[PDB]
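> Following this: a sequence and the matching experimental structure.
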Amino acid sequence: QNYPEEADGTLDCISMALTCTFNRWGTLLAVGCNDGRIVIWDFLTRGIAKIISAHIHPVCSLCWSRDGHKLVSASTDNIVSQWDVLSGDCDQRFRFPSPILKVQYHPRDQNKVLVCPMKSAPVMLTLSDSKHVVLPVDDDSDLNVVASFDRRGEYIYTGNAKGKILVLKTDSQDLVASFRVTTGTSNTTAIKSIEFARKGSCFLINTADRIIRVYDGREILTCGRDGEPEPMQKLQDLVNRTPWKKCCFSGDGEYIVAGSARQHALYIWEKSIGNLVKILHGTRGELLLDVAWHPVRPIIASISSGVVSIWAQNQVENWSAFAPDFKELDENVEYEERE
Amino acid sequence: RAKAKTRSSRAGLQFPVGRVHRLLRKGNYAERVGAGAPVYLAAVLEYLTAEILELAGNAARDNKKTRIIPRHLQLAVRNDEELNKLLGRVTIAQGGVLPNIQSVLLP
Amino acid sequence: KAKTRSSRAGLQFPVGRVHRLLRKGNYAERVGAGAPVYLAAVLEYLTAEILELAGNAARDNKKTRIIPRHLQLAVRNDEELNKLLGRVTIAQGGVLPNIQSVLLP
Amino acid sequence: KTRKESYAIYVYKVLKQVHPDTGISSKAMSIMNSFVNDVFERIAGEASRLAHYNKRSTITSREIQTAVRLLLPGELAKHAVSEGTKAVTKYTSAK
Amino acid sequence: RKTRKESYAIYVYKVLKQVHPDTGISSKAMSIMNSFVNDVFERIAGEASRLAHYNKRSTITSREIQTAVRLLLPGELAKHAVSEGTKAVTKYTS
Amino acid sequence: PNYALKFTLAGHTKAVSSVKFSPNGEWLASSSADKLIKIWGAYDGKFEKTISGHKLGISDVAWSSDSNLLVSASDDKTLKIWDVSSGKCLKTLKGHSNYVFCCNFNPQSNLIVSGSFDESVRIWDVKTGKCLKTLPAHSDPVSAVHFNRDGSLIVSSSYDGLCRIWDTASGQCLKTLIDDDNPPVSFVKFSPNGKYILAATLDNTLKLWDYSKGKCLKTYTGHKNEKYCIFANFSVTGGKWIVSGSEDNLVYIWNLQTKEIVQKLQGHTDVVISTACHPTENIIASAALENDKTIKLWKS
Amino acid sequence: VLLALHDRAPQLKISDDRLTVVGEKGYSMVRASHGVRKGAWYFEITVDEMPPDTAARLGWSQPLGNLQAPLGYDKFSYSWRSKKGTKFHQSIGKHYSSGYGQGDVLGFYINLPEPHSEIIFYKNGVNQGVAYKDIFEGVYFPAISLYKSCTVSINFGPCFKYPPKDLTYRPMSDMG
Amino acid sequence: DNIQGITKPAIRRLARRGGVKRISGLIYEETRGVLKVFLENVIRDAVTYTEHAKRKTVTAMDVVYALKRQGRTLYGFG
Amino acid sequence: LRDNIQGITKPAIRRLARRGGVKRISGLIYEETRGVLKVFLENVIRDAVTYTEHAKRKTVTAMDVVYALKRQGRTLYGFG
Amino acid sequence: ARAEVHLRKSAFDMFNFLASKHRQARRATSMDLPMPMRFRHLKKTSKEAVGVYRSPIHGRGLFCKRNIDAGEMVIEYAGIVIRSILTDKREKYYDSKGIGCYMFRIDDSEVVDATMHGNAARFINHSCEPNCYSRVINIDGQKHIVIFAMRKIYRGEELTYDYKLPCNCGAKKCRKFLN
Amino acid sequence: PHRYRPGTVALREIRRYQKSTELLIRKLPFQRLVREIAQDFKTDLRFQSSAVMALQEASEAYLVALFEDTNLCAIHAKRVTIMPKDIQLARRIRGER
Amino acid sequence: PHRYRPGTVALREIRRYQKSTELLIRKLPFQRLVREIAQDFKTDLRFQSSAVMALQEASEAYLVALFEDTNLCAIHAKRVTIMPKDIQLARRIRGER
DNA sequence: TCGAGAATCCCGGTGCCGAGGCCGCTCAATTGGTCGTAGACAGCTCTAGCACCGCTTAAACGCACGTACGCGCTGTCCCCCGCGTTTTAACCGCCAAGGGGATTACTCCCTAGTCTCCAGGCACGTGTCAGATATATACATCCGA
DNA sequence: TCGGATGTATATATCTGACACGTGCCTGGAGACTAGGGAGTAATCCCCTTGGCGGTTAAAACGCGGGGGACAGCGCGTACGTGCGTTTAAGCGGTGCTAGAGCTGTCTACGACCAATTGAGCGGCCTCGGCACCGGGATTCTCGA
């Protein structure tokens, strides 16, 4: 099959769901609720697995690990704790400066996580102790800087508060590539969040003036430090003018999905050709919060005030599994069998 | 100075776009006609024309014919529900009616 | 020198606001000069017709103040105004005192 | 604290012409406002479609006259045409 | 020596030869389809003009055309036509 | 090739129900139809305890992933859930209107397939113990059920001879295996790739099925497969032997490349109906019916 | 010798040269209305266009058989399969002989003194097999049941192409 | 006068198209009345458009515009 | 919510019919009238919410109700 | 309990469809329109109009799930259009296998098979008190076997026709011989 | 000597006229009617032919729609034959009077 | 101990209600009905009061017109009491269905 | 329940004129660049909309009793349908004549546009009197007698 | 034909808050003068619209007969009025909070306009093949027995 088309139920059991993320395999989905409750379901038989009522405080960020065992907490008292899918116990606890927005593990080692505050440069720590490596950003003026790893674990792409991208190394801070995009005609605007694929090196640019640009993780390294690349594909909307909230990718780098922030909508483009091909809808007056794509099957999970809807292709039953020798034809099929 | 590709196949359509934009300028519908509104409108007109010509051509084949005469358009409009709700007060010339004998008349 | 066009035609509905509404509404390219005078005359005649037919029932119901029941009666008791206002619901309107033939004993 | 535009004073003047000893409430005034706007927009729309049907680009008193004879029923149409023609002549005589 | 006339014969002819590769169309059905196209164009443009006059604006964008189509067409046919138009605008965009 | 008896584990007071090893490969506990489930060893016959607390008979018994938590297919329309390390009768599965013959687990070990004699294959849980769905497959009672390797497909073996394969997500038929004769299918299972199923039907003719196409490939001759639910196994520890039960005081063990009569074990005194191999060792379990009541572990 | 007008399979491609049968998709068997009663009637079948993937079952059949009977259905109809020469007679499938070449001159014959039989596969005088033996007496019109629409002609002359050598026959200038 | 041109079989054939089983003997007079009313209410607006165009010939587009104002919208002309 | 289609009571249809001039009423008119009223309110409220969401507000002013009624063909004087 | 080597362990049935339940002019197909216009909408109706469940007459019957009006089409009886002497070979073959004969003929030259290839139209029993019949139409020469109705039929009734052995219908004037 | 039971010829006339499309009023009396009632609004007019065709189409479609709604009213009144009070009821409900 | 012959109270109710002008539906259930069926097109709306008044006026006028045309149909059918098939006939003649 | 007959449906044959395509030849679409302002964005405000609370009470409700109406059957009588015979103007082919429709050229005066100056219509603030609310009372309508 | 009882219309007393009226003012309408372009009006031409004449036949008109529906009546039994105690939420006031509609300052990104070049679209002229028309025989539905 391909991209989903039909509604296919929900899970309206847990009250006040807020965020969601997957593992590598596509069978683990934890939900940081509005009160610290962390709930996992099943996907094959769809039963509630484990409620982790960790904090008295709400949760704003989570992430899974490579072994399929470890998680990471982000409450409203800056608590980052190491969890387990066997026990589910608290390990680490300390206080940052007050804002914490999103965390991200290192891909090829579960030692290091990359933590991002609001009004500071993003900080990388370890999980052995409270060691933190100071990351330098080029502007250091507003300090509203986002940062993320690439796919394989080569570099760290960072995004400032002014519209310039730095490419650093994970330990020695090797500035090896940089680029400024010609944002419209006068103002260069900030970047919300940059996410990365699973097959290849393609990624997306999500600005603050509602334009999605498509790039590769090799062309910028070819252009070196202070080069001017072009967008591989420009994605935008004109009719409803369409603010965005959440961005992610399809299964093996085929399509691109991006949930909206106004009309409770889901749009599916094509990275290959470059045109919109399907519009989804739902409840007319809700508020879309978090969108997660399923890595080995076309399933999209969307949180809008607790409700998690699962667009799941609407399979169609038929014959020929009961009696595999009878073929249910459509019209007159005449022939002779054996010459 | 180079070649100029039209606005009819830059979007992959069939109905013209410059003629629609001229008819929105020469009509005094408003002052300032926007950017892509004639493209949107020409796509809508394409969709409706394709929708009605599908049923028209299908009935034209099913009456063992090759051309189309307006009886087929009468049948194709008045059979469906949605087009009957749209085209309420319209008399197609040479149209004819749909067969409907009541329950109590025939023996 | 401040001869308003309402005085220069001898009318009651103003002409400058009607010409402003015919320039603003984007009905055509150019607007002539006699057209808003003509249109204000027509609107004056229609309003005078409706108030003249309202005054009769206003005096008949022993009142000195026009009410929507009076307007409903004055519109619906005519023939040609009942064709011009083909379907219009008037708030607090009420209906005609109508009882059919065979209902009475 | 913004200005809204209406037709209260003019209906008040015509009422004081035809019935010199009465007053009117608010609801009847709002009904008469809506009636005047309705008849105005209907006549203007019909005149505009005539002017586009005849391949020209000007709205004149001739098209307003043809719009009135197409729109109103008989006796009311004749009286309104006489009123309009008298107004046009008494306007253009003392220009 | 004649004055040119606007029409829609070639465009109906093209869409017919896309969707049915054999079936021809006579004169009277062509006149009927011409009148039908003009009729739906008049309704949609008039409703969009009345909207843009209501909201204290001066510009017929695509958004008013969308709201006019949603107000005028009944249900499922509107749900298809809005998606067809949005696909056309997105292909025209880049 | 040189399997030799080490220990004879007799002591069952009634007909020995089934021999099933531990899934992690360290136990061989044996139960019987006497409403009593004992905990025996696999290498010396090390005894632990006997389960008591049933009401009617026992057809099938099962395990856990850590070989402690237990459940049995009880014949009072129940499936009482048990344990080795605590022994408490954990739960009891209602929802049956007829006897229960077989039950198994997904490899994730939180679901219970239930092909019972009420002929509608239900889908039960371990954590909640809740009937998820229902597969109304056959008009005949279920002989065996089995998941595939990952836990995504269920085979249906029944009396009519229709080896259908069923969906797990929404529960629908995908294919129906058919035959000219109408034999009762006794006990089948999948392959380590999920693309082969050895057929054990009551016609004195085994079959091996090409799953992806739907044809038979390699068979056997000269065997007694007529009466009961005769079990079949695998063997990769020695050669590619096919361990199967036998009605003539033997254990049907032959290779499938060879398709010959090369080795015949013997010693039982009743119809051998349940066999199983240790997953790594050269241990083949064997336990016949009521007139034998012994366990013969022939060790290479 | 001309063919029939009514005693024929109607939906076959009837060729205008009146000596060539052209078939259809399926086994709809034409029986040309000029066949034996007693003694001897020999004719040859010249083959013009024999494309591959054809089952040209040739032999003898009666007017008791169905028009939609494939030649090789019962004890009256005979069978000669292209692939592996197999006979199908009284619904009995036994792989009998080999195949046959393309572009020869075919032709079958029965020898019955008024019975002692020569029901033997005949092809350019080369034997492919002794077919059957000791029929009953009746009417045996020649039967043609084909799988494709193959252009195959027919011969009636006394100067044959490859006749059975030293043949007892009768010329087709007497009853046809 | 010449309202008798709409004869007795023509109203009968129109009612056979309408799907009517049996007809009494007053429908002819009622039908000629209703037909005369409708043709007056169309030809009035057609003649108004023609007199506004300063011509002496009724065209087809004027009849189509009058039918559009009535709310019936004939296709197949213009 | 489920009720308030039945919250329209049953002297009320009787009083509307006796404003309209009805003498004797059967016992099916109640549910038939509920169905008709529900259909009409749907076909007004849909265009009202369309004009609202096009205007980019979050309330439903009276002018939108007047415009929807005006396009349906049932003009209302007294609120514009 | 493990003491019953009990019989009824043979089915002789390839169709084990029978489950526990066994629940028993606005359109185009009831118009006066020409025939292929109804023949198109035939398939869009017949996939969901009717159902097949267990009947007391002979196994599985045909209980429709829609209130069919009189005069309209219901469903088509289609399959392998066999030619007339393969019928006898299949009679011998299904005599050898033990499955009954499912052969309706369009004409007396070509018959239509149902056992090897077909649809859900096989579950129509013979009865001497029918409420349906059969007419063959000409959809561009490719004729069909389509079943009309006779009277007003409600939800939960078996549909039968005359096929032209004692029958299990129990008619008021039954023939009891299906030849 | 055979006469049908009355009604069958009516039913086959209904089917035969609902089959085909034609014009059911002779064009010379209709043309004289159009000139006759156009005489009183402006003297010495001059019609085209297609305008007469358009008037004939519009009048015929209006009459057929009126007869369908009238027959619905008469079948509601538990009768068969159309009476003119049914025509007056239909024209008063529709809003034209 | 006096009871009227049935019909007279109906006639004086007809005269008494056709005399005056008021609102005949209680405003709290009608307001809850409007919010209830407006909930499904956009969540969390917020009505003014005059819009509710306008909807009440339009619905009441439409119902009164429908009942007048229905009573005309029923008097045509030589009966007195309104049946719902009369309502369906009126709505089908007018063109709304 | 049967047979003779009458319209429809299909097949074969002719033939011809209007779809279909080619060819040439023009007007407006397009790009490329300029210039001006309509609308988006943010920030402050203050007021109608939604909620809590409690008291009184019109009316909504449920349950008695009759009775007038809806309906179903029966008769009869009358009038619309089906067919056959006689008649007349609808339809077509045909020609002649000329009046108005259609197009071009050429002045030209009628409205757009810009500014400067003023008065009139609108929001806001106060008295007062037509009507809303009571009491009391002729008489008139209805069902009983 | 006549009588008692409630409901309504008629006549007066008392309050009260919408309606009518007086004021400040700012912004929109009038006065003067110009540009040029849409329209007004003469001027010519050609074909489509009116008018008629003669022949043919398809349709129209007029009688004659009868059985099938419209309507009047009558019997009955029943579903919906009219009236009496209660209970309940509808309605009126009083108090309280705030989301959201509305104004307001800036700017920049997007649409109208000008000149040329192209080239797709429309007008005109052959030409056949799908349908128009028509004789022939099988099929199917009617109605008296």
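Here it is on my side, so go on. Numbers count the residues shown, from 1 in each chain, chains lettered A, B, ... in the order given.

> How many residues are close by residue B:88?
Each residue near residue B:88 was counted by other Cβ atoms under 10 Å in any protein chain shown, and the total is 10. Where C-beta positions appear, they are placed from N, C-alpha and C, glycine not excepted.

> quick one: contacts for the residue in chain G positioned nearest to chain A?
With Cβ to the nearest Cβ as the measure, residue G:55 is the residue of chain G nearest to chain A, at 5.2 Å. Listed by Cβ atoms under 8 Å, 6 or more residues apart in numbering or on different chains, the contact set of residue G:55 reads A:339, G:81-83, G:146-147.

> Skipping adjacent residues, who's closest to it in space?
Of all residues beyond its chain neighbours, the one nearest residue G:55 is residue G:147 (4.6 Å), with distances taken as Cβ to Cβ, 6 or more residues apart in numbering or on different chains.

> any idea how far the most centrally placed residue in chain J is from chain C?
Against the mean C-alpha coordinate of chain J, by Cα atoms, centre = their mean, the closest residue is residue J:124 at 3.0 Å. The gap separating residue J:124 from chain C is 56 Å, by Cβ to the nearest Cβ, to the nearest Å.

> need the contact list for that residue.
Neighbour list for residue J:124: J:62, J:77, J:147, J:159-161 [criterion: Cβ under 8 Å, 6+ apart].

> Which strands and helices lie in contact with the helix ranked longest in chain H?
Assignment by DSSP state H gives helix H:27-52 as the longest helix of chain H. Judged by 3 or more Cβ pairs under 8 Å, 6 or more residues apart in numbering or on different chains; DSSP states H and E, helix H:27-52 is in contact with helix D:26-53, helix D:61-71, helix H:8-18, helix H:60-70, helix K:27-38, helix K:49-76, helix K:84-94.

> Could you point out which of those helices sits nearest residue J:96?
Of all those, helix K:49-76 sits nearest to residue J:96, with 61.8 Å by Cβ to Cβ.

> give the contact list for the residue of the stretch 1-150 of chain A found nearest chain G.
In the stretch 1-150 of chain A, the residue found nearest to chain G is residue A:1; the distance is 37.0 Å by Cβ to the nearest Cβ. Listed by Cβ under 8 Å, 6+ apart, the contact set of residue A:1 reads A:298, A:313.

> contacting residues around the helix or strand hosting residue F:144?
Using DSSP states H and E, residue F:144 falls within strand F:142-147. Contacts to strand F:142-147, defined as Cβ under 8 Å, 6+ apart, come from residues F:101-107, F:113-117, F:119, F:121, F:153-159, F:184-190, F:229.

> quick revisit: sec struct for the residue nearest to residue G:55, please.
At residue G:147 the chain is in coil, as set by DSSP: H, G, I helix; E, B strand; the rest coil.

> what's the spacing between it and residue J:89?
17 Å (Cβ to Cβ, to the nearest Å).

> Repeat that for residue B:11.
On the measure of Cβ to Cβ, residue B:11 and residue J:89 end up 62 Å apart.

> do the same with residue F:47
Residue F:47 sits 66 Å away from residue J:89 when distances are taken as Cβ to Cβ.

> Spit out the contact partners of residue 75.
Answering for chain A, as no chain was given. Contacts of residue A:75 by Cβ under 8 Å, 6+ apart are A:36, A:54-55, A:57-60.

> think we crossed wires, I meant chain F
Shown in contact with residue F:75 (Cβ under 8 Å, 6+ apart): F:56-59, F:99-100, J:1.
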